[PDB]
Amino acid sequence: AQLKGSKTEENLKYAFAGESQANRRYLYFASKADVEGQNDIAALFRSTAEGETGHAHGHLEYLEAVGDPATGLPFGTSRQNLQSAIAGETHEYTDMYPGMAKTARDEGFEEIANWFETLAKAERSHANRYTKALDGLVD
């Protein structure tokens, strides 16, 4: 049974995305609880989020057999990881976020459009910084 092309591959990608979001969501919920004074609740969201880190990373480990879910490129070594990060980031700053900015502006969401443009520029910084690190990598 080869993992590539399987339904299980699609499920691992979907579960990875789900676990990834769950950690982000729970940490957001922790901050809400922080401000409210609900410190026991905040601690629980944080502890649960650590669980979601372990889940997501376990999913990712299986996907080493098939490729980075963000790019389809092989990952594992820092050289591969940086190359995949660069390709993903390049997509984000050149295509994804500019496109999302345009749609937002067109739909009458100026502040969200500006937000998407701030992130295009941020992802571009990320892309450039990883490319620098890739060039400096000695392996």
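Residue indices: 1-based, along the sequence shown.
- Comparing 38 to 46 with 99 to 107, the higher mean C-alpha B-factor in the PDB entry belongs to 99 to 107.
- Stretches 125 to 133 and 6 to 14 differ in mean C-alpha B factor, with the higher average recorded for 6 to 14.
- The entry assigns its greatest Cα B factor, within the set 80, 53, 31, 114, to 114.
- The entry lists a Cα temperature factor for residue 90 that places it in the middle third of the chain's modelled residues.
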